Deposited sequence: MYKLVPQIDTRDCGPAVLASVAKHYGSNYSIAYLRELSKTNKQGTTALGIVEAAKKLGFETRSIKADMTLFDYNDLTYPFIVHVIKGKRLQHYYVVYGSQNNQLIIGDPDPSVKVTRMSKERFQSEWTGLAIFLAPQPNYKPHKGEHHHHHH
């Protein structure tokens, strides 16, 4: 589960992306979903974004890994990486150096998750 951690309080977008700062745009308020999409396009990846709910993790034909837009307190533009699910838990990567790859409850992820999932494939 190779995850590249964040450094600045703004590079969360790029940080999930790699797992660059200018390609999306990333400015002071972090990246916008459209920015992640655009930047992933430039890098030779097909992208489809979807608005989903928890049933997305019931699907067996889900192509991991992918990006999710999440809200952490007042990090209203946060992003995770989703590598898989196991039992009733998710394996996610948080660019936040204090978190990185973690087991996370499906409940907790539901509380943070926008429903925005960005899928990419070459």
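Novice: Numbering the deposited sequence from 1, which residue ranges have no coordinates here?
Specialist: In sequence order, the gaps with no modelled C-alpha are 1, 21 to 33, 137 to 152.
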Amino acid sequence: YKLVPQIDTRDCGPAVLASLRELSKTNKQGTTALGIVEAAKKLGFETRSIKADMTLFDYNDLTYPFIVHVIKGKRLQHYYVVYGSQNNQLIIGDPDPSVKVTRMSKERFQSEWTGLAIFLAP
From here on, numbers count along this sequence of modelled residues.
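Novice: Comparing average C-alpha B factors as deposited, tell me which of 21 to 29 and 101 to 109 sits higher.
Specialist: Result: 21 to 29.
Novice: Mean Cα B factor from the PDB record: higher for 56 to 64, or higher for 69 to 77?
Specialist: Result of the comparison: 56 to 64.
Novice: Tell me which of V82, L43, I50, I36 tops the list for C-alpha B factor in the record.
Specialist: Each of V82, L43, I50, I36 was compared by C-alpha B-factor; the highest is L43.
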